[PDB]
Every structure is written in structure tokens, then in C-alpha cells.
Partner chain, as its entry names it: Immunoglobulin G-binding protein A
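This document opens with one chain alone, in C-alpha cells, the form solved without the partner chain.
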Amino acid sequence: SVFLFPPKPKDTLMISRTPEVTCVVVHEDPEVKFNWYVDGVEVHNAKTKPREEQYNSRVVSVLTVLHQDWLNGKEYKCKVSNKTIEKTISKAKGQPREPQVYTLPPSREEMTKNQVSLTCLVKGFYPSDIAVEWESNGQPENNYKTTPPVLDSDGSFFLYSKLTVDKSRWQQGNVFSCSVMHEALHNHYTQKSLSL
């Protein structure tokens, strides 16, 4: 069993982070080998994290990739070997489309609660690789949860991010902002603010 994983969306969009692809493999002294190919041609800058013994009786190899390589759609072939299995992944193919970002205040009806919901609708983006964060006065907020991307009826994706705050923090007029990073956006990043 060989499983290939893509880099984190955030890591491919900021030139300062390190986007990896993670080839996971998953007890009679099994040796394993690893060959990495980028659009067919092989590369020798992988790294094999040390063996992991599981409760059921999990070797991993990690290859750093270039930001513009992943985003241009190059195929990443991970080839195992044990005395032969392959996997390939790439970015989803297609014209990237720019997320529209809309912040939605809490319902009047929710205002009878002690905490309230601040909503960030992110729609019309493609491919589904995206990252969403919340902050206020520069410091990130922690109490938020973001739905997975959902396929919309036009072949673009959407998601919602919900930020839970004390109603008083909302009543006091604090500024909350939803951050979105996506490849189709200008400088890969956009912000939208929400206040009372």
C-alpha cells in the first residue's frame, strides 16, 4: 500500500514556506526503496523519515518541491521498491479562478446568545487548494472552523469559515477579518473585514 499526498495549499503560495509531497508506505524485515520523478525525469533530493512501528505491526519519504513547479502542474511520480508500485499526483488541472470573499455578520436571531458566529463565504474558486484564516488587530483568532471545499454547480468550489467570538467583542465594534490565500488571487492573498 502506497499513498501520495499533495503539499499544503499555504506552502505553495508563499515563496518563504516549504511545500513537500509525502509518499507514505504502509514486518518480516521489509526493506523499501524510493525513486522520485518529476515529469518523468528523476530527482535525488528526497528524504526518508525513519521507520515507524505501528500498534498493528509505516516508512515515509518526503520530497521538497518548487512552488512554480507544483503550480504549473508538473506530475510527481513516487516509485517504491520491495523484493513494484507507482503513484503520481499533480495539481488539479484547469484555469485557476479567483475566490470571491464575502463576510456575513451574525443573524439577528443569534444575538440572543452569549457567543456569535462571524461568517466568511469564499466562492467561485478553482482549483480547491485554498487556505482561510481569521484575525483581529493583527493577531490571529483561534476559535474558528472552516468547511472543506465543496463543488459548486458550475464546477468552481466554495467554502464557509465560521469564527466564534464573544457577543460583547462583536458589540464593542472590534474589527475581524477573514484572510484567504489562493493561487488565482493577486499576490496569492486577500482580506475582507467584518465589523458592527
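Positions refer to the first chain, counted from 1.
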Mind giving me a quick count class for deposited residues absent from the model between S57 and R58? Options are none, 1 to 3, 4 to 9, 10 or more. 1 to 3
Between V26 and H27 - deposited residues without coordinates, as a size class: 1 to 3
Between 147 to 155 and 62 to 70, name whichever shows the higher mean Cα B factor according to the PDB entry. 62 to 70
Of 15 to 23 and 184 to 192, the stretch with the higher mean C-alpha B-factor in the deposited entry is 15 to 23
Entry record, C-alpha B-factors for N45, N137, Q171, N142; the maximum is at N45
Could you tell me which one of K123, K93, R97, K83 shows the highest CA temperature factor in the PDB record? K83
Going by the recorded CA B-factors, say which third of the chain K167 sits in, lowest, middle or highest. middle
Lowest, middle or highest third of the chain for the C-alpha temperature factor of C78? highest
Third assignment of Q115 from its chain's C-alpha B-factors: middle
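Heads up, the form deposited with the partner chain bound isn't pictured, but that's what we're talking about next.
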Spell out, yes or no, whether the shortest heavy atom distance between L66 and the partner chain in the deposited complex is within 4.5 Å. yes
Can you check whether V25 is within 4.5 Å of the partner chain in the deposited complex, heavy atom basis? no
Taking any heavy atom pair closer than or equal to 4.5 Å as contact, tell me whether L71 reaches the partner chain in the deposited complex. yes
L13 near the partner chain in the deposited complex, any heavy atom under 4.5 Å? yes
Which residues, if any, of 156 to 188 lie within 4.5 Å of the partner chain in the deposited complex when only heavy atoms count? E183, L185, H186, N187, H188
